[PDB]
Every structure is written in C-alpha cells, then in structure tokens.
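Since the structure comes first, as structure tokens, the remarks are kept for the end.
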2 protein chains.
Amino acid sequence: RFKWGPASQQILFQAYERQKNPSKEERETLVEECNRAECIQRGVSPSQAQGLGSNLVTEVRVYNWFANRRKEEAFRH
Amino acid sequence: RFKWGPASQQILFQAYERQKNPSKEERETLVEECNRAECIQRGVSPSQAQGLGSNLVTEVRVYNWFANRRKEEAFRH
C-alpha cells in the first residue's frame, strides 16, 4: 500500500515540466512539499508529518516517480 | 475499475492551472487529448481509441476530476 495523493501529484507534475531530472537536493525539497501538502489535506498539522503513516513520501518514491515518468516519454510511435 | 493514467493526468493537471472550471466545449477537448495520449502509450493507434476498453475517458470523468480537484482546495487550515 502507499498511494500518491492528488495533492502530492499536482506538486510533482508542476515540477517535472521545469525539470524532469531533479537533483539530490531538489528531490528532498519535493519530499517536504509532498508530505506537508498531504498533511494539510488530512486536517493534520504539517509538524506531525508522521501522522500520514504508510502514505509518507519517502524520497525514494519521489526519485522513482521521476524515473518512471521519464520512461513514459521513452516510447514507440 | 477504470483508472487515470499518468499520461492522462499530466494532461489534466496542465489544464487546471490555466482554468479550474472548464466549459462544456473545453471538457470535450480534454477528453480527446486524454484518450489519444493514453492510446499512444499503449502502442495503440489514436483512431482505435475504443482499444482502451473500460479505461476510456468519458467526459463525465473529466468533469468529475475538475469538480473533485476543486473540492480539495475547499479546505480547513
């Protein structure tokens, strides 16, 4: 289990179109920005970002989203 | 069943931030643009947009995505 929220996804798509290869440090910003945006939807305080539980955006998942979204431009057609 | 593809979602998020209240006619453009973009990921021809099956973006689903994404700005905090 673990799913991207529509709240974290518009953060993430907004980003890819300025840069689809986020650096080490960029990736870690998008993680803050995903957890918090996800918290303030759940009527959860940003400081209790661990309130999310399994749905906590680890930076590996931000990495893979970019990786995998780049795969989807590596196509046919 | 029926799910939004990451291909249809970046089409759809790209749109909301120019306009979150798409008109009758706009909605029907985003439907074309979602099915086709979804086809060309599946190594399916755009003309066989019915190849998709259940995952065919009806314009009601485009309507509801906008509706529901607007709900998510109607918050607390």
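Chain labels run A, B, ... following the order of the structure tokens; each chain numbers its residues from 1, and ligands are numbered from 1 in the order shown.
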Q: Tell me, as a ChimeraX atom specification, which residues lie within 9 Å of residue 52 (chain B), counting only C-alpha atoms; anything in the same chain fewer than 4 positions away does not count.
A: /B:35,38-39,42,44,48,56
Now that the selection is made, can you save its residues with C-alpha atoms as a tab-separated table (two decimals), in the first residue's frame?
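The result, written out as selection_1.tsv:
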chain	number	residue	atom	x	y	z
B	35	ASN	CA	-7.84	9.08	-24.85
B	38	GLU	CA	-3.48	7.14	-23.44
B	39	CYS	CA	-3.59	5.23	-26.82
B	42	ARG	CA	-0.44	1.54	-25.21
B	44	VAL	CA	-2.48	1.50	-29.82
B	48	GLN	CA	-8.73	2.85	-32.31
B	56	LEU	CA	-11.88	5.12	-21.93
Q: Pull out every residue of chain B that has at least one atom within 7 Å of chain A, counting only C-alpha atoms, and report them as a PyMOL selection string.
A: chain B and resi 10+13+40+43+76-77
Q: Skip residue 70 (chain A) itself and residues of its chain fewer than 5 positions away, then list as a ChimeraX atom specification all residues within 9 Å of it, counting only C-alpha atoms.
A: /A:20-21,65
Could those residues be written to a file, using N, CA and C atoms, as a compact mmCIF listing (two decimals), in the first residue's frame?
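File part.txt, as written:
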# COMPACT_ATOMS: atom_id res chain seq x y z
N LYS A 20 12.78 17.54 -15.45
CA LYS A 20 12.45 16.12 -15.28
C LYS A 20 13.54 15.23 -14.67
N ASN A 21 14.64 15.84 -14.26
CA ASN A 21 15.79 15.14 -13.72
C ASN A 21 16.19 15.82 -12.41
N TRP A 65 9.20 8.18 -9.09
CA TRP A 65 8.19 8.89 -9.88
C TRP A 65 8.87 9.60 -11.05
(Q) as an NGL selection string, please: every residue in chain B that DSSP puts in alpha helix (DSSP H). (A) :B and (6-16 or 24-39 or 59-71)
Go ahead and save the picked residues with N, CA, C and O atoms, as a compact mmCIF listing (two decimals), in the first residue's frame.
# COMPACT_ATOMS: atom_id res chain seq x y z
N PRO B 6 -1.11 8.12 -15.67
CA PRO B 6 -0.16 9.22 -15.55
C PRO B 6 -0.07 10.05 -16.82
O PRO B 6 0.16 11.26 -16.75
N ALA B 7 -0.29 9.43 -17.98
CA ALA B 7 -0.36 10.15 -19.24
C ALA B 7 -1.57 11.07 -19.25
O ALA B 7 -1.42 12.27 -19.51
N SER B 8 -2.77 10.59 -18.90
CA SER B 8 -3.93 11.48 -18.85
C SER B 8 -3.82 12.47 -17.70
O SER B 8 -4.27 13.61 -17.83
N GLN B 9 -3.16 12.13 -16.60
CA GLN B 9 -3.11 13.07 -15.51
C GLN B 9 -2.24 14.25 -15.78
O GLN B 9 -2.68 15.33 -15.40
N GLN B 10 -1.09 14.15 -16.44
CA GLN B 10 -0.35 15.38 -16.68
C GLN B 10 -1.07 16.25 -17.68
O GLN B 10 -0.89 17.47 -17.62
N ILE B 11 -1.92 15.68 -18.57
CA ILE B 11 -2.72 16.48 -19.50
C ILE B 11 -3.66 17.34 -18.66
O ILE B 11 -3.70 18.56 -18.79
N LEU B 12 -4.33 16.62 -17.75
CA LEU B 12 -5.36 17.18 -16.89
C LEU B 12 -4.81 18.19 -15.88
O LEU B 12 -5.35 19.30 -15.86
N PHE B 13 -3.76 17.93 -15.09
CA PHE B 13 -3.18 18.94 -14.23
C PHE B 13 -2.69 20.16 -15.00
O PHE B 13 -3.04 21.29 -14.64
N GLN B 14 -1.97 20.00 -16.12
CA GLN B 14 -1.55 21.11 -17.02
C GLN B 14 -2.68 22.11 -17.29
O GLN B 14 -2.49 23.33 -17.37
N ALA B 15 -3.90 21.57 -17.40
CA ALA B 15 -5.09 22.32 -17.75
C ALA B 15 -5.69 23.11 -16.60
O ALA B 15 -5.93 24.30 -16.75
N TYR B 16 -5.86 22.47 -15.44
CA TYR B 16 -6.47 23.06 -14.26
C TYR B 16 -5.83 24.38 -13.86
O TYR B 16 -6.52 25.29 -13.40
N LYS B 24 -18.16 23.48 -21.28
CA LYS B 24 -18.71 22.27 -21.93
C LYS B 24 -17.73 21.76 -23.02
O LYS B 24 -17.18 20.65 -23.02
N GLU B 25 -17.46 22.71 -23.90
CA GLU B 25 -16.58 22.53 -25.02
C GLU B 25 -15.14 22.27 -24.57
O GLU B 25 -14.48 21.43 -25.18
N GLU B 26 -14.58 22.93 -23.54
CA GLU B 26 -13.21 22.63 -23.13
C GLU B 26 -13.13 21.21 -22.67
O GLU B 26 -12.25 20.47 -23.10
N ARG B 27 -14.10 20.79 -21.88
CA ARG B 27 -14.11 19.47 -21.29
C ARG B 27 -13.95 18.41 -22.39
O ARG B 27 -13.02 17.59 -22.35
N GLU B 28 -14.76 18.52 -23.45
CA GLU B 28 -14.71 17.63 -24.60
C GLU B 28 -13.37 17.65 -25.35
O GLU B 28 -12.98 16.61 -25.91
N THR B 29 -12.58 18.75 -25.36
CA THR B 29 -11.21 18.74 -25.89
C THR B 29 -10.42 17.83 -24.97
O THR B 29 -9.84 16.86 -25.44
N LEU B 30 -10.41 18.07 -23.64
CA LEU B 30 -9.56 17.30 -22.75
C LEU B 30 -9.86 15.82 -22.81
O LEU B 30 -8.99 15.00 -22.52
N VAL B 31 -11.05 15.44 -23.26
CA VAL B 31 -11.37 14.03 -23.42
C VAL B 31 -10.60 13.47 -24.60
O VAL B 31 -9.91 12.46 -24.42
N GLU B 32 -10.66 14.09 -25.79
CA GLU B 32 -9.87 13.70 -26.96
C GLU B 32 -8.42 13.52 -26.51
O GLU B 32 -7.88 12.40 -26.47
N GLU B 33 -7.85 14.61 -26.03
CA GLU B 33 -6.50 14.63 -25.54
C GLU B 33 -6.12 13.61 -24.48
O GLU B 33 -4.94 13.30 -24.31
N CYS B 34 -7.09 13.05 -23.78
CA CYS B 34 -6.76 12.07 -22.78
C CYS B 34 -6.75 10.70 -23.43
O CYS B 34 -5.78 9.95 -23.32
N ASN B 35 -7.77 10.38 -24.21
CA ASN B 35 -7.84 9.08 -24.85
C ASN B 35 -6.65 8.83 -25.77
O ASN B 35 -5.96 7.83 -25.64
N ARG B 36 -6.37 9.78 -26.68
CA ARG B 36 -5.24 9.70 -27.60
C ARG B 36 -3.95 9.55 -26.84
O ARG B 36 -3.28 8.55 -26.99
N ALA B 37 -3.54 10.49 -26.01
CA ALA B 37 -2.37 10.30 -25.16
C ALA B 37 -2.32 8.96 -24.44
O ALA B 37 -1.26 8.39 -24.24
N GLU B 38 -3.47 8.44 -24.06
CA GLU B 38 -3.48 7.14 -23.44
C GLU B 38 -3.21 6.06 -24.48
O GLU B 38 -2.41 5.15 -24.21
N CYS B 39 -3.81 6.15 -25.69
CA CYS B 39 -3.59 5.23 -26.82
C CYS B 39 -2.12 5.18 -27.16
O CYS B 39 -1.51 4.13 -26.98
N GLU B 59 -16.40 11.99 -20.98
CA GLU B 59 -16.35 13.36 -20.48
C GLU B 59 -16.95 13.52 -19.08
O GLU B 59 -16.63 14.49 -18.41
N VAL B 60 -17.76 12.60 -18.54
CA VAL B 60 -18.23 12.75 -17.18
C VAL B 60 -17.05 12.65 -16.24
O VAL B 60 -16.95 13.42 -15.28
N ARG B 61 -16.07 11.80 -16.56
CA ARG B 61 -14.95 11.59 -15.67
C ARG B 61 -14.00 12.78 -15.65
O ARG B 61 -13.37 13.12 -14.64
N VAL B 62 -13.97 13.52 -16.76
CA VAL B 62 -13.16 14.73 -16.86
C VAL B 62 -13.86 15.77 -16.04
O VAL B 62 -13.17 16.45 -15.29
N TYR B 63 -15.20 15.85 -16.14
CA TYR B 63 -15.99 16.79 -15.36
C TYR B 63 -15.71 16.54 -13.88
O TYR B 63 -15.22 17.42 -13.18
N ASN B 64 -16.02 15.33 -13.40
CA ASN B 64 -15.80 15.00 -12.01
C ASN B 64 -14.38 15.26 -11.58
O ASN B 64 -14.24 15.90 -10.54
N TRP B 65 -13.30 14.93 -12.31
CA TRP B 65 -11.93 15.25 -11.90
C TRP B 65 -11.83 16.73 -11.57
O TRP B 65 -11.30 17.10 -10.52
N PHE B 66 -12.39 17.61 -12.39
CA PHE B 66 -12.25 19.01 -12.11
C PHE B 66 -13.05 19.33 -10.87
O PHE B 66 -12.48 19.84 -9.90
N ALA B 67 -14.30 18.91 -10.82
CA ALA B 67 -15.14 19.11 -9.67
C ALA B 67 -14.47 18.76 -8.34
O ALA B 67 -14.27 19.56 -7.42
N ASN B 68 -13.93 17.56 -8.35
CA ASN B 68 -13.33 16.94 -7.18
C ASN B 68 -11.99 17.55 -6.83
O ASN B 68 -11.58 17.58 -5.68
N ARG B 69 -11.25 18.02 -7.82
CA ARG B 69 -9.98 18.66 -7.58
C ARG B 69 -10.29 20.04 -7.00
O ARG B 69 -9.52 20.56 -6.19
N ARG B 70 -11.40 20.67 -7.36
CA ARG B 70 -11.80 21.93 -6.74
C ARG B 70 -12.23 21.74 -5.27
O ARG B 70 -11.92 22.57 -4.39
N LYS B 71 -12.93 20.64 -4.96
CA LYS B 71 -13.24 20.24 -3.59
C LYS B 71 -11.98 20.30 -2.77
O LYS B 71 -11.96 20.90 -1.72
Q: To one decimal in Å, tell me the separation between CA of residue 57 (chain A) and CA of residue 3 (chain A).
A: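 Rounded to one decimal, the two atoms are 9.0 Å apart.
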